[PDB]
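Step one of this worksheet: look at the structure below.
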Amino acid sequence: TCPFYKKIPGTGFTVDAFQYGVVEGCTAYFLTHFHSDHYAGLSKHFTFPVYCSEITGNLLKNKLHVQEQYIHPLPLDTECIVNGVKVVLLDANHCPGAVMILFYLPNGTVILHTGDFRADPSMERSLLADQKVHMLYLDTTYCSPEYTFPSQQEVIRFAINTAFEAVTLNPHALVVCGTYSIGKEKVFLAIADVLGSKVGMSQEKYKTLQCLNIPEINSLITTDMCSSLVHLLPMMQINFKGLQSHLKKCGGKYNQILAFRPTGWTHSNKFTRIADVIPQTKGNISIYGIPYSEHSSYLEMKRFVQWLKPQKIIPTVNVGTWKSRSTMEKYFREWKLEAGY
Ligand code: NI
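Residue numbers (the entry's author numbering): 700 to 1040.
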């Protein structure tokens, strides 16, 4: 049974609610982004209208085989009427194709559902600027002040400089980057660009990337592993055993691996600056954990909400424990008292 925080009151709509069977009263199912926790339940047999971004709709059709007649893609930043209700999709600054959804209820209530997002000051000059929001359904993944991490730009600077130094010292080193979902593509694309290489990967991952509308992508990626000095592997293979095994397969072309694991936050963020990050090393293999986040830091989240001044907040993440829920509610009240809304 569908939980309350996936329902939009006053509508026939649900958000990210595909694992509950047929939802009573639901006339349109929205999907914010193509991550498995959110699409869980969709397949080629789904027969209700799905509303999403163009990029999400490419992935639904090609990766999950959802039939075309049930996929309803909407442009961003454009007022659309769905089953008699005005909606807008906004870029979420998450993974490719990820959206926030603004709903203009028939009774005058306005609701913003963030999906998963990385709040940014640029959102303060979207179509959000123009009107009041009564209810915010908020991605609270990192809703506690211990959650700090650098900008995506600083993390990419570190990765580029690290890779370029290593391969210039040793032209026989291979770079490997871990992946398990869409998102974080800048990591491997920026490293391949500095090295003058295409990124090599499996057929299944190439197929996923070809759905994402990235400009000039055919210039940047390939399935011919032999031609590439940046390879993508499943995240689970990014360990000393899995990398050793991969290096065997490269036919003596390489004698060193430098590997990257983009994570979210890890506790080593509470002590170590990005500039100071060091790898784990065993012989001719080194692995860097880099804190590349596609969710809001605590401070980014707080700035967004204090700017928006919603009347009520409904968290969508960390909702299963009383301790988490009480922590989040305490920070929402601090923010409201400090800003005066
Ligand atoms: Ni996500």
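Built from N, CA and C at the ideal position, the CB exists for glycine as well.
Span of the alpha helix (DSSP H) around residue i
i: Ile1013; result: Premise fails: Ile1013 lies in the beta strand (DSSP E), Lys1011 to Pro1014, not in any alpha helix (DSSP H).
i: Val886; result: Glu884 to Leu894
i: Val854; result: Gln851 to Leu868
i: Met1000; result: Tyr997 to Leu1007
i: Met799; result: Where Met799 is concerned, there is no enclosing alpha helix (DSSP H), although the beta strand (DSSP E) it sits in stretches over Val798 to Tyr803.
i: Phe1031; result: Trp1021 to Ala1038
i: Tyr719; result: It is not in any alpha helix (DSSP H) - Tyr719 carries neither H nor E in the DSSP assignment.
i: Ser735; result: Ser735 to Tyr738
Within 9 Å, strictly: CB atoms of residue i and residue j
i: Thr700; j: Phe733; result: no
i: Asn761; j: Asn912; result: no
i: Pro961; j: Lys904; result: no
i: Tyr991; j: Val893; result: no
i: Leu763; j: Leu741; result: yes
i: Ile989; j: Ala872; result: no
i: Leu804; j: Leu827; result: no
i: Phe848; j: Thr710; result: no
i: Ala727; j: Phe712; result: yes
i: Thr731; j: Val749; result: no
i: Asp923; j: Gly941; result: no
i: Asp790; j: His737; result: no
i: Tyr997; j: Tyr846; result: yes
Strand pairing of residue i, partner residues [DSSP]
i: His930; result: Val875 and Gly899
i: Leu835; result: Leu811 and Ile1012
i: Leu788; result: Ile800
i: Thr921; result: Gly899
i: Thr980; result: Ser985
i: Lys706; result: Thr713
i: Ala727; result: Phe712
Bounding residues of the beta strand (DSSP E) (the contiguous stretch that carries residue i)
i: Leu773; result: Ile770 to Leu773
i: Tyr750; result: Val749 to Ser752
i: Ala958; result: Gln955 to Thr962
i: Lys948; result: Per DSSP, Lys948 belongs to no beta strand (DSSP E); it is in the alpha helix (DSSP H), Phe939 to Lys948.
i: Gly988; result: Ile984 to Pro990
i: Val781; result: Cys779 to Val781
So if I measure from each beta-carbon to every heavy atom of ligand 1 and keep distances below 5 Å, which residues remain? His734 and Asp815
With a threshold of 8 Å, are at least 3 pairs of Cβ atoms found where one atom belongs to the region 931 to 949 and the other to the region 830 to 845? no
Check whether the region 926 to 939 touches the region 875 to 891, taking contact to mean three or more Cβ pairs, one atom from each stretch, closer than 8 Å. yes
Taking three-plus beta-carbon pairs below 8 Å as touching, is the region 893 to 902 in contact with the region 837 to 844? No, the region 893 to 902 is not in contact with the region 837 to 844.
Any 3 or more C-beta pairs closer than 8 Å across the region 722 to 733 and the region 856 to 873: Judged by Cβ distances under 8 Å, the region 722 to 733 makes no contact with the region 856 to 873, as fewer than three pairs qualify.
Taking one C-beta from the region 1003 to 1011 and one from the region 963 to 975 each time, how about it: are there three or more such pairs within less than 8 Å? In short, these stretches do not touch, since the Cβ pair count stays below three.
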